[PDB]
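A short worksheet on the structure shown next.
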Amino acid sequence: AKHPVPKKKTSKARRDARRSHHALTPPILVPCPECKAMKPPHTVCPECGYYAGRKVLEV
Amino acid sequence: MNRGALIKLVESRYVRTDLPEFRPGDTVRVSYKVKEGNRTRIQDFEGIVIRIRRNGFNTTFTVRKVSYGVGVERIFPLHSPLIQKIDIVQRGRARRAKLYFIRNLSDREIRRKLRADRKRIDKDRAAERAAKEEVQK
Amino acid sequence: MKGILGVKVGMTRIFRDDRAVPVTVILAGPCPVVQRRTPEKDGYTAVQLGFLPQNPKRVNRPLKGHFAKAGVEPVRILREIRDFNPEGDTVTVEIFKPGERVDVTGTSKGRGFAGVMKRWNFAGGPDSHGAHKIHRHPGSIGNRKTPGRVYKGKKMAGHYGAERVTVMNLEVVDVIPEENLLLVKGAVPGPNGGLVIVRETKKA
Amino acid sequence: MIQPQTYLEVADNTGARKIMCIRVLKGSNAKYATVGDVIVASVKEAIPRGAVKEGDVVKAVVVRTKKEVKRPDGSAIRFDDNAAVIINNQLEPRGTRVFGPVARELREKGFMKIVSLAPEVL
Amino acid sequence: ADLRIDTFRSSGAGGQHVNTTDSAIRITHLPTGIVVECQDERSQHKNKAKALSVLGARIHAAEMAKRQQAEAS
Amino acid sequence: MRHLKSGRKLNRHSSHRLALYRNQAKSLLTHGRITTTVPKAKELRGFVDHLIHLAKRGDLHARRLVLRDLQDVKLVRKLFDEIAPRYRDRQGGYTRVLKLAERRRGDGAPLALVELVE
RNA sequence: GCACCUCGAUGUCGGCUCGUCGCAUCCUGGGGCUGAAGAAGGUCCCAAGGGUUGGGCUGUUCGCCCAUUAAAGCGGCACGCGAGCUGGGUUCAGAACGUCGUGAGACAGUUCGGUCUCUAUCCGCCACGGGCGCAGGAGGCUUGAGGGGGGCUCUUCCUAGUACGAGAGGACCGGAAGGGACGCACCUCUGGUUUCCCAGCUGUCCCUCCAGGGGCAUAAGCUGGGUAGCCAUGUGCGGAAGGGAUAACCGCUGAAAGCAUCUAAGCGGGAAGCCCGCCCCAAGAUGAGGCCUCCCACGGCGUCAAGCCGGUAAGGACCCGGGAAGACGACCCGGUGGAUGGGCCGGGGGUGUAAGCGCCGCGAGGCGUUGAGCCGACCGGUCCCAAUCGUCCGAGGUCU
RNA sequence: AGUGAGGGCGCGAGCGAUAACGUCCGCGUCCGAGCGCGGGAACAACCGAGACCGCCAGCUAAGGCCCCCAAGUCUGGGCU
Ligand SMILES: [Mg+2]
Ligand SMILES: [Mg+2]
Ligand SMILES: [Mg+2]
Ligand SMILES: [Mg+2]
Ligand SMILES: [Mg+2]
Ligand SMILES: [Mg+2]
Ligand SMILES: [Mg+2]
Ligand SMILES: [Mg+2]
Ligand SMILES: [Mg+2]
Ligand SMILES: [Mg+2]
Ligand SMILES: [Mg+2]
Ligand SMILES: [Mg+2]
Ligand SMILES: [Mg+2]
Ligand SMILES: [Mg+2]
Ligand SMILES: [Mg+2]
Ligand SMILES: [Mg+2]
Ligand SMILES: [Mg+2]
Ligand SMILES: [Mg+2]
Ligand SMILES: [Mg+2]
Ligand SMILES: [Mg+2]
Ligand SMILES: [Mg+2]
Ligand SMILES: [Mg+2]
Ligand SMILES: [Mg+2]
Ligand SMILES: [Mg+2]
Ligand SMILES: [Mg+2]
Ligand SMILES: [Mg+2]
Ligand SMILES: [Mg+2]
Ligand SMILES: [Mg+2]
Ligand SMILES: [Mg+2]
Ligand SMILES: [Mg+2]
Ligand SMILES: [Mg+2]
Ligand SMILES: [Mg+2]
Ligand SMILES: [Mg+2]
Ligand SMILES: [Mg+2]
Ligand SMILES: [Mg+2]
Ligand SMILES: [Mg+2]
Ligand SMILES: [Mg+2]
Ligand SMILES: [Mg+2]
Ligand SMILES: [Mg+2]
Ligand SMILES: [Mg+2]
Ligand SMILES: [Mg+2]
Ligand SMILES: [Mg+2]
Ligand SMILES: [Mg+2]
Ligand SMILES: [Mg+2]
Ligand SMILES: [Mg+2]
Ligand SMILES: [Mg+2]
Ligand SMILES: [Mg+2]
Ligand SMILES: [Mg+2]
Ligand SMILES: [Mg+2]
Ligand SMILES: [Mg+2]
Ligand SMILES: [Mg+2]
Ligand SMILES: [Mg+2]
Ligand SMILES: [Mg+2]
Ligand SMILES: [Mg+2]
Ligand SMILES: [Mg+2]
Ligand SMILES: [Mg+2]
Ligand SMILES: [Mg+2]
Ligand SMILES: [Mg+2]
Ligand SMILES: [Mg+2]
Ligand SMILES: [Mg+2]
Ligand SMILES: [Mg+2]
Ligand SMILES: [Mg+2]
Ligand SMILES: [Mg+2]
Ligand SMILES: [Mg+2]
Ligand SMILES: [Mg+2]
Ligand SMILES: [Mg+2]
Ligand SMILES: [Mg+2]
Ligand SMILES: [Mg+2]
Ligand SMILES: [Mg+2]
Ligand SMILES: [Mg+2]
Ligand SMILES: [Mg+2]
Ligand SMILES: [Mg+2]
Ligand SMILES: [Mg+2]
Ligand SMILES: [Mg+2]
Ligand SMILES: [Mg+2]
Ligand SMILES: [Mg+2]
Ligand SMILES: [Mg+2]
Ligand SMILES: [Mg+2]
Ligand SMILES: [Mg+2]
Ligand SMILES: [Mg+2]
Ligand SMILES: [Mg+2]
Ligand SMILES: [Mg+2]
Ligand SMILES: [Mg+2]
Ligand SMILES: [Mg+2]
Ligand SMILES: [Mg+2]
Ligand SMILES: [Mg+2]
Ligand SMILES: [Mg+2]
Ligand SMILES: [Mg+2]
Ligand SMILES: [Mg+2]
Ligand SMILES: [Mg+2]
Ligand SMILES: [Mg+2]
Ligand SMILES: [Mg+2]
Ligand SMILES: [Mg+2]
Ligand SMILES: [Mg+2]
Ligand SMILES: [Zn+2]
């Protein structure tokens, strides 16, 4: 290695140009069939601990 | 669509049955069909079977044989048409599936290490002699 | 240019005239036609062949409509055997006689991001004699201030395999029309389950 | 498999005992020699008053390998050593006897004399 | 016409010059077979000069030995 | 490459990853329900499955087999004498996993629970 | 030679790795002449498509030699390639010989030793996605402009011991077979690996004393084996045939120039080369192509915005179970009208006779129960467990 | 005060090889300082020409006038 190094300060444009893809996607939620409070899908509801219309997690 | 059975199905037409069971350590004698120049003939290769790699129709085995100072191993496809017969010369009590170690052993040592398998010998000369009995006339 | 779709089921040797022969088996028929290309309506000749029945409980309106015109229940997939126009409404394994030579196309196995050694069979460095961390490296890729660049198609590391590759002039060994199978002397690309095209060879 | 620098027992009475291969002839750049192929080899030791001397550059034909050779019939065969047999340019065997079995491959290759003298083809 | 002259990089010391300068010489006198190398001084030319000089001297004493093994013989 | 290979690595070596599957088993069995990371859970479900299914065999050999991992004679008793006969009618699938909504703060690890069924 | 760029640095030889171009061609292809009988060989002409070995010596380039070979071509690319490696050589400090010098020291004289720098911003290059476009919207299937890949070659045999030749020798053309090297794919064979699939073993600590086991000795303690997968040493297959236009060259017809001339009109033959053909990429081919099939009236009006809105269509996306797909994305299958994964069962396969008990031996042990027990992937089966339930986007088609 | 590294081109000499974008003198020229403008594709010094500032006016220079690209696919006569 002879220690490579940026030849020119990246332009303010070309900087953000890179960060084009960095913006994040919102979470994916569903209404819980029980409370209708929001939950991520395929997971056990934090509010009531109901899944597959059955009780599991105590909360 | 059991592709497995499909393959094994293809094989079935090439499957033999006429062959005796045997394990490593047993000493056997394959009569092989060979071709000297143009003609066909049978050549007997007799030695200790040192390995068997089972795999359905595609199963095969290796026989080891000293021959005029030179040790020779030979690998036979179990279901080949070029095998007229397989005679069991003497059954032996091995201890592992691959007898490779006897590649480096004095005959006195091979002898002591691979002793005769009394059970499978006794049961063999008990049965088959029981089969000689049943088919009376 | 006769042809047929199928699935590489597996390999296994067989025996013939006291010779062993490596054989890859291929489940071929049946293949119903779905649409026939014609210069008048398509600019060229070919046939859209279907293969493997689809669950109508998965088919959609555009596909079902296509299938209806051809007058044939749903099928898994379609591929075109170019310049081949069959008289039957179904192409069977029967089209190949034991003896014929065939070309088999199949999507190769997928090595993923592969090193230059596995891909292009580069020599790599030495495993010893002072080699500072280049034991599998591609080494030099160019010159100096002329050309002052790397040419296109420089052999380099990337994705290897998982691509269309046709193996040429393979011997049809056998046909099991009752099982719709097909035996082939040699080795066919892709994994035991892959899609394949068997086709009449283009060698003389 | 027998590349250059490979040693081999001589399988005959040429007086040679062990020769080292220096070139496999089958080809303009072939990697390895096998049963039936011919190699130019050098004599690395020999017995007194033998025919060939020690250090003679000679030709020989490989009659036995430790690397098992396949056969069209699906079978294969492997010996316990790498052995060969000294021959002249006309490819006649230089000795008169040959000890230890040889591979049936030799016959096909048209080495008819060597095959006969050998006490067993395999 | 019957000389074969080769040039190549000299051996031993010289810095970068010795590394990038086919200064050494070798002349092969095809008829007889005698060969002289020379990597004395830094100029290739001067080395050819020396080599061409010794080459002459070596052919001469070859013909001198020849005319002796003829005269005495 | 990796083609057609079962079983996870979980950034542990052999010596380790094994003790994991054990102490994870020993905990699951003594508590009936535990919470672990998603992939750690999906491995574990198969493990206790063969163990339990083994205890359904009830014999001393099988018992000595499960003992190899669980080590605790006391726990093993509970597995045979109380856990297993509850599962006599069921064939395979003694374990339930379920993903949890809350990942854990310190590293955004997606969580899940693993439990024995009724 | 000059001293024009670079002394606020353009790292110098050889090797290795990777090559790419030139043709003044080493080989193979075609051809003229020959002091060419034939087999050869010489020289010249065309031809750069591919090919162009392995070792001994030396740091060596060069070169010599060994064994082959169709041949072991020569050059350009900062005498290609040190932000790709090497560091033997050269070119620091140590030290020594010869040598020069009173000397300190010095040497295109030699000898032994001697720090080669983890992070790529831009171009370039290999791969892979996100956006948008494709002047209705979708699902499939395609066309091939353009581009890439490949392109080698020997030996034996037949023809035929024929033409040729005093003889020894020994063909053209046409047909056959077996090779080497290289490329692609593959795992049936052969053969490796197979981090816990089975077994054996030492020491030690532990459980529970015996027995049976467990941790550790590597990040497998060691050893003997080992499926699936990934693989070469293993297996198949490729270079072609063929068509067309040609090079040197060979001819026909034929003036200018009554004859003759392959050429100036015109025509035929003619290469491993060119264009096709074979394989692969390919409609960002913005020149955005084509076929099949599916979807529907805008719902309020937007004044000028040739659309501003918003539930739907055909369909797509999310999420989840996964995958010989894969770094991530992507791609592929599946999601209860389901066998996608896990478990379980079966088969296959590996290991090679479990534990327990009985028997024999003082005992180490042996023998029987027993091909037992254990049994990861491969091939299947089975709703026991897990893909619950759900959410979002998406036409309503501008003009002559 | 500055300058006392000059350079190119033409011409006349020496050196050099009747080589060098070589060197060294003499006469001249321009660049230097006119890398401002037009031509010569691009181009310090070759051709035209010395830019005080403005203009959507005009004539010419060199070099051009088929399209990129301003102006004749101009006329008359030859050669290739
Ligand atoms: Mg993103
Ligand atoms: Mg024997
Ligand atoms: Mg019997
Ligand atoms: Mg009986
Ligand atoms: Mg489809
Ligand atoms: Mg290679
Ligand atoms: Mg490789
Ligand atoms: Mg080093
Ligand atoms: Mg499957
Ligand atoms: Mg011998
Ligand atoms: Mg090779
Ligand atoms: Mg000697
Ligand atoms: Mg044979
Ligand atoms: Mg003799
Ligand atoms: Mg012969
Ligand atoms: Mg012979
Ligand atoms: Mg004999
Ligand atoms: Mg030279
Ligand atoms: Mg001579
Ligand atoms: Mg980590
Ligand atoms: Mg177990
Ligand atoms: Mg939390
Ligand atoms: Mg000057
Ligand atoms: Mg410059
Ligand atoms: Mg420079
Ligand atoms: Mg090179
Ligand atoms: Mg010759
Ligand atoms: Mg020549
Ligand atoms: Mg000449
Ligand atoms: Mg040596
Ligand atoms: Mg050396
Ligand atoms: Mg030295
Ligand atoms: Mg030749
Ligand atoms: Mg030669
Ligand atoms: Mg030569
Ligand atoms: Mg040479
Ligand atoms: Mg060169
Ligand atoms: Mg040294
Ligand atoms: Mg030095
Ligand atoms: Mg230095
Ligand atoms: Mg220096
Ligand atoms: Mg020194
Ligand atoms: Mg002095
Ligand atoms: Mg002195
Ligand atoms: Mg004095
Ligand atoms: Mg010198
Ligand atoms: Mg030194
Ligand atoms: Mg670090
Ligand atoms: Mg479109
Ligand atoms: Mg499109
Ligand atoms: Mg094309
Ligand atoms: Mg092309
Ligand atoms: Mg004759
Ligand atoms: Mg004739
Ligand atoms: Mg003759
Ligand atoms: Mg386990
Ligand atoms: Mg104990
Ligand atoms: Mg024990
Ligand atoms: Mg395996
Ligand atoms: Mg290979
Ligand atoms: Mg081939
Ligand atoms: Mg032909
Ligand atoms: Mg042609
Ligand atoms: Mg022409
Ligand atoms: Mg011409
Ligand atoms: Mg003529
Ligand atoms: Mg002609
Ligand atoms: Mg004429
Ligand atoms: Mg005439
Ligand atoms: Mg006439
Ligand atoms: Mg013509
Ligand atoms: Mg053309
Ligand atoms: Mg085509
Ligand atoms: Mg395509
Ligand atoms: Mg389209
Ligand atoms: Mg309205
Ligand atoms: Mg208004
Ligand atoms: Mg998914
Ligand atoms: Mg069972
Ligand atoms: Mg078994
Ligand atoms: Mg045990
Ligand atoms: Mg089983
Ligand atoms: Mg497991
Ligand atoms: Mg399992
Ligand atoms: Mg599985
Ligand atoms: Mg002054
Ligand atoms: Mg003059
Ligand atoms: Mg002025
Ligand atoms: Mg100045
Ligand atoms: Mg000017
Ligand atoms: Mg200027
Ligand atoms: Mg003019
Ligand atoms: Mg004018
Ligand atoms: Mg007139
Ligand atoms: Zn709720």
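Residue numbering restarts at 1 for every chain of the structure tokens, chains are lettered A, B, ... in their displayed order, and ligands are numbered from 1 as they appear.
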
Pull the closest atom pair for each residue of chain G that gets at most 10 Å from ligand 52, along with the distance in Å to one decimal, counting only C-alpha atoms (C1' of nucleotides) and all ligand atoms, ordering rows by chain and then ascending residue number, as a Markdown table.
| residue | atom | partner | partner_atom_place_in_ligand_line | distance |
| --- | --- | --- | --- | --- |
| G:146 | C1' | ligand 52 | 1 (Mg) | 9.8 |
| G:147 | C1' | ligand 52 | 1 (Mg) | 7.7 |
| G:148 | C1' | ligand 52 | 1 (Mg) | 7.8 |
| G:149 | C1' | ligand 52 | 1 (Mg) | 9.0 |
| G:275 | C1' | ligand 52 | 1 (Mg) | 9.8 |
| G:276 | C1' | ligand 52 | 1 (Mg) | 8.9 |
| G:277 | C1' | ligand 52 | 1 (Mg) | 9.8 |

Keeping N, CA and C atoms (P, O5', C5', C4', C3', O3' and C1' of nucleotides), export the residues of the selection given above as a PDB file, in the first residue's frame.
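Dumped to result-v6.pdb:
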ATOM      1  P     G G 146     -25.079  -4.187 -36.946  1.00  0.00           P
ATOM      2  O5'   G G 146     -24.499  -3.909 -35.493  1.00  0.00           O
ATOM      3  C5'   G G 146     -24.265  -2.575 -35.070  1.00  0.00           C
ATOM      4  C4'   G G 146     -24.102  -2.453 -33.575  1.00  0.00           C
ATOM      5  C3'   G G 146     -22.963  -3.228 -32.951  1.00  0.00           C
ATOM      6  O3'   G G 146     -21.721  -2.568 -33.081  1.00  0.00           O
ATOM      7  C1'   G G 146     -24.906  -3.576 -31.689  1.00  0.00           C
ATOM      8  P     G G 147     -20.379  -3.416 -33.326  1.00  0.00           P
ATOM      9  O5'   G G 147     -20.253  -4.317 -32.011  1.00  0.00           O
ATOM     10  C5'   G G 147     -19.727  -3.731 -30.838  1.00  0.00           C
ATOM     11  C4'   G G 147     -19.849  -4.609 -29.627  1.00  0.00           C
ATOM     12  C3'   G G 147     -19.015  -5.865 -29.581  1.00  0.00           C
ATOM     13  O3'   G G 147     -17.653  -5.602 -29.303  1.00  0.00           O
ATOM     14  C1'   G G 147     -21.165  -6.278 -28.712  1.00  0.00           C
ATOM     15  P     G G 148     -16.524  -6.660 -29.700  1.00  0.00           P
ATOM     16  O5'   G G 148     -16.692  -7.824 -28.635  1.00  0.00           O
ATOM     17  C5'   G G 148     -16.280  -7.623 -27.298  1.00  0.00           C
ATOM     18  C4'   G G 148     -16.710  -8.748 -26.402  1.00  0.00           C
ATOM     19  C3'   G G 148     -16.071 -10.101 -26.669  1.00  0.00           C
ATOM     20  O3'   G G 148     -14.797 -10.251 -26.085  1.00  0.00           O
ATOM     21  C1'   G G 148     -18.394 -10.378 -26.494  1.00  0.00           C
ATOM     22  P     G G 149     -13.696 -11.127 -26.852  1.00  0.00           P
ATOM     23  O5'   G G 149     -14.132 -12.630 -26.542  1.00  0.00           O
ATOM     24  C5'   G G 149     -14.341 -13.086 -25.211  1.00  0.00           C
ATOM     25  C4'   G G 149     -15.006 -14.439 -25.188  1.00  0.00           C
ATOM     26  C3'   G G 149     -14.313 -15.527 -25.985  1.00  0.00           C
ATOM     27  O3'   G G 149     -13.273 -16.134 -25.257  1.00  0.00           O
ATOM     28  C1'   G G 149     -16.612 -15.531 -26.507  1.00  0.00           C
ATOM     29  P     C G 275     -14.717 -10.233 -39.582  1.00  0.00           P
ATOM     30  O5'   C G 275     -15.885 -10.448 -40.651  1.00  0.00           O
ATOM     31  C5'   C G 275     -16.403  -9.370 -41.419  1.00  0.00           C
ATOM     32  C4'   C G 275     -17.618  -9.815 -42.173  1.00  0.00           C
ATOM     33  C3'   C G 275     -18.571 -10.686 -41.383  1.00  0.00           C
ATOM     34  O3'   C G 275     -19.428  -9.943 -40.553  1.00  0.00           O
ATOM     35  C1'   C G 275     -18.163 -11.683 -43.456  1.00  0.00           C
ATOM     36  P     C G 276     -20.199 -10.695 -39.373  1.00  0.00           P
ATOM     37  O5'   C G 276     -21.276 -11.571 -40.146  1.00  0.00           O
ATOM     38  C5'   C G 276     -21.778 -12.756 -39.573  1.00  0.00           C
ATOM     39  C4'   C G 276     -22.393 -13.644 -40.615  1.00  0.00           C
ATOM     40  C3'   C G 276     -22.929 -14.968 -40.087  1.00  0.00           C
ATOM     41  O3'   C G 276     -24.231 -14.868 -39.533  1.00  0.00           O
ATOM     42  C1'   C G 276     -21.560 -15.380 -41.950  1.00  0.00           C
ATOM     43  P     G G 277     -24.468 -15.199 -37.980  1.00  0.00           P
ATOM     44  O5'   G G 277     -24.468 -16.786 -37.906  1.00  0.00           O
ATOM     45  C5'   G G 277     -25.198 -17.535 -38.854  1.00  0.00           C
ATOM     46  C4'   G G 277     -24.570 -18.876 -39.088  1.00  0.00           C
ATOM     47  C3'   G G 277     -24.247 -19.677 -37.845  1.00  0.00           C
ATOM     48  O3'   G G 277     -25.381 -20.311 -37.296  1.00  0.00           O
ATOM     49  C1'   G G 277     -22.415 -19.753 -39.319  1.00  0.00           C
TER      50        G G 277
END

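The residues of chain D that DSSP classifies as helix (DSSP H, G or I), using the backbone of this structure, are residues 105, 106, 107, 108, 112, 113, 114, 115, 116 and 117 of chain D.
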
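Excluding residue 28 of chain C itself and any same-chain residue fewer than 6 positions from it, the protein and nucleic acid residues within 6 Å of it, counting only C-alpha atoms (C1' of nucleotides), are residues 5, 6, 93, 180 and 181 of chain C.
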
Restricting it to C-alpha atoms, dump the selection as a CSV table (one decimal), in the first residue's frame.
chain,number,residue,atom,x,y,z
C,5,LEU,CA,-38.6,-28.4,-22.2
C,6,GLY,CA,-37.7,-30.5,-19.2
C,93,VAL,CA,-40.1,-37.1,-25.6
C,180,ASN,CA,-41.4,-39.3,-20.2
C,181,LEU,CA,-37.7,-39.5,-19.3

Please find the residues contacting ligand 39 at a distance of at most 10 Å between atoms, with only C-alpha atoms (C1' of nucleotides) and all ligand atoms counted, and report them as a PyMOL selection string.
(chain E and resi 12-13+15) or (chain G and resi 89-92+114)

Please produce an output containing N, CA and C atoms (P, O5', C5', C4', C3', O3' and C1' of nucleotides) for each residue in the selection, written as a PDB file, in the first residue's frame.
ATOM      1  N   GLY E  12      26.954  -6.463 -11.783  1.00  0.00           N
ATOM      2  CA  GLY E  12      27.653  -5.792 -10.707  1.00  0.00           C
ATOM      3  C   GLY E  12      27.256  -4.341 -10.590  1.00  0.00           C
ATOM      4  N   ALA E  13      28.182  -3.535 -10.090  1.00  0.00           N
ATOM      5  CA  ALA E  13      27.855  -2.195  -9.629  1.00  0.00           C
ATOM      6  C   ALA E  13      27.726  -1.159 -10.739  1.00  0.00           C
ATOM      7  N   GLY E  15      24.776   1.630 -10.053  1.00  0.00           N
ATOM      8  CA  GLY E  15      23.614   2.439  -9.758  1.00  0.00           C
ATOM      9  C   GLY E  15      22.507   2.162 -10.748  1.00  0.00           C
TER      10      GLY E  15
ATOM     11  P     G G  89      21.753  -9.529  -3.195  1.00  0.00           P
ATOM     12  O5'   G G  89      21.699  -8.932  -4.660  1.00  0.00           O
ATOM     13  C5'   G G  89      22.520  -9.486  -5.677  1.00  0.00           C
ATOM     14  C4'   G G  89      22.352  -8.751  -6.976  1.00  0.00           C
ATOM     15  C3'   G G  89      22.654  -7.266  -6.953  1.00  0.00           C
ATOM     16  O3'   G G  89      24.038  -6.976  -7.052  1.00  0.00           O
ATOM     17  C1'   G G  89      20.605  -7.609  -7.994  1.00  0.00           C
ATOM     18  P     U G  90      24.773  -5.894  -6.090  1.00  0.00           P
ATOM     19  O5'   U G  90      24.285  -4.468  -6.596  1.00  0.00           O
ATOM     20  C5'   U G  90      24.578  -4.024  -7.905  1.00  0.00           C
ATOM     21  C4'   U G  90      23.644  -2.931  -8.330  1.00  0.00           C
ATOM     22  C3'   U G  90      23.646  -1.712  -7.436  1.00  0.00           C
ATOM     23  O3'   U G  90      24.751  -0.866  -7.698  1.00  0.00           O
ATOM     24  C1'   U G  90      21.425  -2.342  -7.895  1.00  0.00           C
ATOM     25  P     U G  91      25.486  -0.090  -6.502  1.00  0.00           P
ATOM     26  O5'   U G  91      24.407   1.013  -6.087  1.00  0.00           O
ATOM     27  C5'   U G  91      24.767   2.300  -5.583  1.00  0.00           C
ATOM     28  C4'   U G  91      23.954   2.640  -4.358  1.00  0.00           C
ATOM     29  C3'   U G  91      23.686   1.426  -3.474  1.00  0.00           C
ATOM     30  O3'   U G  91      23.592   1.829  -2.112  1.00  0.00           O
ATOM     31  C1'   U G  91      21.620   2.234  -4.390  1.00  0.00           C
ATOM     32  P     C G  92      23.896   0.814  -0.887  1.00  0.00           P
ATOM     33  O5'   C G  92      24.274   1.866   0.225  1.00  0.00           O
ATOM     34  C5'   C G  92      24.475   3.213  -0.165  1.00  0.00           C
ATOM     35  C4'   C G  92      24.346   4.099   1.017  1.00  0.00           C
ATOM     36  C3'   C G  92      24.913   3.511   2.278  1.00  0.00           C
ATOM     37  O3'   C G  92      26.308   3.583   2.383  1.00  0.00           O
ATOM     38  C1'   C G  92      22.790   4.316   2.729  1.00  0.00           C
ATOM     39  P     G G 114      20.252 -10.128   5.306  1.00  0.00           P
ATOM     40  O5'   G G 114      19.906  -8.592   5.517  1.00  0.00           O
ATOM     41  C5'   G G 114      19.547  -8.129   6.801  1.00  0.00           C
ATOM     42  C4'   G G 114      19.719  -6.646   6.894  1.00  0.00           C
ATOM     43  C3'   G G 114      18.832  -5.821   5.997  1.00  0.00           C
ATOM     44  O3'   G G 114      17.552  -5.625   6.520  1.00  0.00           O
ATOM     45  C1'   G G 114      21.027  -5.052   5.832  1.00  0.00           C
TER      46        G G 114
END

Step one, run DSSP on the backbone; step two, keep only residues of chain D assigned to strand (DSSP E or B); then write them as a ChimeraX atom specification.
/D:2,7-10,12,16-24,33,38-46,57-64,69-70,76-79,83-87,93,98,102,121

What do you get as a PDB file with C-alpha atoms, in the first residue's frame if you pick all residues at most 7 Å from ligand 22, counting only C-alpha atoms (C1' of nucleotides) and all ligand atoms?
ATOM      1  CA  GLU F 102     -40.093  -4.872  20.365  1.00  0.00           C
ATOM      2  CA  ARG F 103     -36.444  -5.259  19.208  1.00  0.00           C
ATOM      3  CA  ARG F 104     -33.917  -4.611  21.985  1.00  0.00           C
ATOM      4  CA  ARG F 105     -32.439  -1.155  22.428  1.00  0.00           C
TER       5      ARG F 105
END

Test item: residues no farther than 12 Å from ligand 3, counting only C-alpha atoms (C1' of nucleotides) and all ligand atoms, as a list in words
residues 18, 19, 20, 21, 22, 28, 86, 87, 88, 89, 90, 91, 120, 121, 122, 123, 124, 125, 126, 127, 128, 129, 130, 131 and 132 of chain B

Surrounding residues of segment 152-159 of chain C excluding itself and chain neighbours under 6 positions, 9 Å, only C-alpha atoms (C1' of nucleotides), as number ranges by chain:
C: 110-120, 138, 141; G: 18, 125-128, 148

Could you produce a table of the residues of chain H lying within 8 Å of ligand 93, with the nearest pair of atoms per residue and their separation in Å rounded to one decimal, using only C-alpha atoms (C1' of nucleotides) and all ligand atoms, ordered by chain and increasing residue number, as JSON lines?
{"residue": "H:61", "atom": "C1'", "partner": "ligand 93", "partner_atom_place_in_ligand_line": "1 (Mg)", "distance": 7.9}
{"residue": "H:62", "atom": "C1'", "partner": "ligand 93", "partner_atom_place_in_ligand_line": "1 (Mg)", "distance": 7.8}
{"residue": "H:63", "atom": "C1'", "partner": "ligand 93", "partner_atom_place_in_ligand_line": "1 (Mg)", "distance": 7.8}
{"residue": "H:64", "atom": "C1'", "partner": "ligand 93", "partner_atom_place_in_ligand_line": "1 (Mg)", "distance": 8.0}
